[PDB]
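One letter stands for each residue in the lines below.
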Amino acid sequence: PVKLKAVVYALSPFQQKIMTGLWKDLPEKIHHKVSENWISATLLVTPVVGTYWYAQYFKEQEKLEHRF
Amino acid sequence: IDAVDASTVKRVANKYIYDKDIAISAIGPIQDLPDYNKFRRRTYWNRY
């Protein structure tokens with residue numbers, strides 16, 4: 001058991017609004033999500049999208065060259 | 001005082017105790033004290 005010194009104040013769940021906080025400070029929420037995760041999103045989408053479009057391009061060149 | 005019979009106690013208790021909000025003030029080694037939701041739930045019995 002860890003020895004902990006702290007003071008905690010809590011409010012009853014029936015004395016606060018439960019759902020309005022979902023849409024509070026939304027521009028901050030969208031800004032934080034993008035600004036911290038854009039590199040992560042790029043590292044995940046770019047190789048799957050780059051490989052896919054290359055394969056489509058290759059199949060188009062391979063099909064056309066086999067024609068007459 | 002004599003007017004407070006068993007039916008009176010149950011009526012008053014249902015007005016002030018049953019499924020009511022509570023206030024808690026604790027100090028010391030109180031990590032094992034149940035949280036607010038546990039005390040809140042123990043204000044009613046679901047078997048009745």
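Residues numbered from 1 in each chain as written, not as in the entry; some residues may be left out. Chains lettered and ligands numbered in written order. Part of a larger assembly, values for the part shown. Heavy atoms only, no water.

The deposited coordinates for this entry were obtained by cryo-EM, with a reported resolution of 2.80 Å.

K.L.:
Would you explain the overall build of chain B in this entry?
P.N.:
Looking only at helices and strands, one finds two helices and zero strands in chain B. The proportion of buried residues among the 48 residues of chain B is 8%. Measuring between centres, the 9 positive side-chain charges of chain B sit 5 Å from its 6 negative side-chain charges. (Helix = DSSP H or I, 4+ residues; strand = E, 2+ residues; numbered from the N terminus. Buried < 20%, exposed > 50% of the residue type's maximum accessible area, 1.4 Å probe, protein only. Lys, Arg positive; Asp, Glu negative; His and termini not counted. Charge placed at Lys NZ, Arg CZ, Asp CG, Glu CD.)

K.L.:
I'm lost on the interface of chain B and chain A in this one. Help?
P.N.:
Reports of interface size often rely on the accessible area that becomes lost once the parts have come together. Contacts between the two partners involve five residues from chain B, matched on the other side by six residues from chain A. Counting across the interface, chain B meets chain A through zero salt bridges. Seen at the junction of chain B and chain A, the total is one residue pair in polar contact. Among the residues forming the side of chain B that touches chain A, the class breakdown is one nonpolar, two polar and two charged. (Contact = heavy atoms within 4.5 Å. Salt bridge = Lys/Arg side-chain N within 4 Å of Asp/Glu carboxyl O. Polar contact = N/O pair within 3.5 Å; in protein donor to acceptor, adjacent residues only side chain to side chain. Nonpolar A, V, L, I, M, F, W, Y, C, P; charged D, E, K, R; others polar.)

K.L.:
For this particular structure, what's the right way to read the pattern of salt bridges?
P.N.:
It is possible for side chains of opposite charge to pair when their charged atoms get near one another. Under the criterion given, the structure shown has three salt bridges over all chains. Between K63 of chain A and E60 of chain A there is a salt bridge, with the nearest N and O atoms lying 3.7 Å from each other. Placement of the pair is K63 of chain A and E60 of chain A together in helix α1 (residues 26-65), with a separation of three residues, close to one helical turn. Owing to a relative accessible area of 38%, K63 of chain A belongs among the partly exposed residues under this scheme. Of the residues examined, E60 of chain A reaches a relative accessible area of 40% and is grouped as partly exposed. A salt bridge links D21 of chain B to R40 of chain B, with the shortest nitrogen-to-oxygen separation between them at 2.7 Å. Residue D21 of chain B is located in the loop between α1 (6-16) and α2 (36-41), and its partner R40 of chain B is located in helix α2; the two are separated by 19 residues in the primary sequence. Here the salt bridges do not stand alone but share partners, grouping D19, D21 and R40 of chain B into one network.

K.L.:
Help me out: how do you make sense of the UniProt feature "transmembrane region" in chain A in this one?
P.N.:
The positions UniProt marks with the feature "transmembrane region" are residues 38-54 of chain A. For residues 38-54 of chain A, the end-to-end C-alpha separation is 23 Å, with 100% helix and 0% strand making up the annotated structure. (UniProt positions renumbered as here; feature names shortened; annotations may be inferred.)

K.L.:
When you look at the side chain of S12 of chain A in this model, what are you seeing that I'm missing?
P.N.:
Turning to its location among the elements, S12 of chain A is positioned in the segment before α1. In this view, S12 of chain A contacts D21 and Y36 of chain B; residues no more than four positions away in its chain are not counted.

K.L.:
What exactly am I supposed to notice about unusual backbone geometry here?
P.N.:
Only a minority of non-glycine residues have a phi that is not negative, and only a minority of peptide bonds are not trans. Residue and element names in this part refer to chain A. Of note in this structure, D25 is not a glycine but carries a positive phi near 50°. By the secondary structure assignment, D25 is in the segment before α1. With a relative accessible area of 49%, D25 lands in the partly exposed category.

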